[PDB]
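Quick heads-up: the structure tokens below are two forms of one chain, split into structure 1 and structure 2.
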Structure 1
């Protein structure tokens, strides 16, 4: 009747769970893997990040499930946020990610809160987080099915990259949300997408530069590091006015390609040998906090070692993920090579 969550807390869970509150909206990605043909049936409220920061995925779900507009928004980042203290939603359980006003309110109101992590250390925590969600939401078989699918598809990569000597690995810099913010070069260090670089057999030039999983590295250090390979992450919508790489469920190959070229033309960045010699790529940013991240691991590996991964097709992996676990068709563009 309890779960131990990813924070190590022990939480009593009701035997029946039908009203789930998503404390971070993009935790919907993880919950979608357990819900089969009825992805929205048990969501009684969600934080605004899914609709506001992933409008493309929201659009694809809305087309198939019009009742998505009836799910109330919480957390004051959109309005639509009709709940403030109005959590008369009668939630059975709420899910958050490891690191806040809403957690404190729920705990005193007696609603069980469960923490997961796909962001800090996805190498260690992606599969435990899915088992925990399967237990807390009473979808254990679905969780086990996904754990096996994920591990099988990571092993396709590590079967090869486990054997590669360290001094034969390309150096890699990933610029998260490239071109979106003012100060340049948010990146991943000891965790987050750094974990994907590691598993794909690359050498993350930021790993020794940051104390934690996410942070900023100044542009002068990126240039001085002279990375073999450059990766930009982003998730902008086609025709958006804010700068950044354009990727997601409604993005075509041509649009993605055209936005990456612009990102690669920024000052400083455009002096990198990786930019000018054909070693530049873009990845969908939301893989930085999603159990779908095996698609980024496979894409990284195929970019780093094209010859050794000629038989590996991340697009087919994504086709399998959707047909086995989801209720929508795959669409759009989630990675691209310059």
Structure 2
């Protein structure tokens, strides 16, 4: 009847939950692990980020669940309402930031539950999933995913927790690489570099999980490994790495060569020797991020993780927890 969410708030959990509001649409990723073969049946409204900013994954779901388009889009605009109480929701899910709708929902006695996959994903990913298991009456499903997640993160931290600091390769990840050089320090994808045995150039070169750092000159740190994140669609014309549910290995590869073609970056040692990589950006706010930890690791220590196939982890994730087929490309090499 009560949970403590990742904001420390105490929240009563109604006995019946069938109408879920998503205050950030891409919280569908977390919900989708709990919902089995009926991923949309309980979403009565979401903020539009998932439909508009991950159109590739959305389209995969549309092809199988056409009713996805009628799920109302919460916003002020394109958006379909912004007075959610008329959806009579049982519960609402938000991510921690790093607001007004939340206070209004409290007044009406709607339980608002805060999760977090973005600020401190190492600390918060599994507590957020167990929290959602409790608040949405999917405890066994949450625990199932937690064991799958823990077992697949163990496959990595079993090896990289015993690696000396001098052997750790230096790593710079460029977030949203196309706008230079925004990154993550103590947190967000920094956690994934930490878990995967790497040394993040910006690990304390900024006091926070997300931020932007000085341009590519500070990449005279000669990182052993280069990593760019993006989730643009093919033919987008808008600059950025091209990854997602509808991207081919070749289409991903052509976008990475071009991002590695920019000035300065094409002088880095990791670029001209084949140590450059691209990762799906939505791993930065999603409990699927285990796939990015495993991808980082296999890149950082190839010989030591040569038995570890992240595509096989992903196939097993979809097989066990999701209603759609794995498609597209979410990481790529150079």
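Positions refer to the first chain, counted from 1. The term rigid core refers to the maximal set of C-alpha atoms that superpose within 1.5 Å between the two forms.
Core superposition between structures 1 and 2 leaves every listed residue (254, 144, 220, 155) with a C-alpha shift below 2 angstroms except 220. Residue 87: CA moves 2 Å or more between structures 1 and 2 after rigid-core fitting. On core superposition, residue 105 has its C-alpha offset by 2.2 angstrom between structures 1 and 2. A C-alpha shift of 2.0 Å is found for residue 277 between structures 1 and 2, based on superposition of the rigid core.
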